[PDB]
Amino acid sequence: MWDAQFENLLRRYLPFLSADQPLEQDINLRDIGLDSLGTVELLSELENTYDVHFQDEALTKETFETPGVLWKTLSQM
């Protein structure tokens, strides 16, 4: 279970999710609008905001499949 700092950030990259719609844990980010360059800018904002460096398995597409896997993967740093 994540917080509002994470989610406000993440929603700036999901154009097909409306502000009045919840971010489900298992929802697929590609279908909700995240694309290649979005992912890139999203990595960027996460690495500043949280002072981490993504690497090795954290750079596979799988990391970015859902908010749930992405939050999990991020917490670990």
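Sequential numbering from 1, following the sequence displayed.
Per-stretch averaging of Cα B factors for 48 to 56 and 35 to 43 places 48 to 56 on top. For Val69, the recorded CA temperature factor ranks within the lowest third of the chain's modelled residues.
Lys61 sits in the highest third of its chain by CA B factor, as recorded in the PDB entry. Sorting the modelled residues of the chain by their CA temperature factor places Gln76 in the highest third.
In the PDB entry, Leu23 places in the middle third of its chain by CA B-factor.
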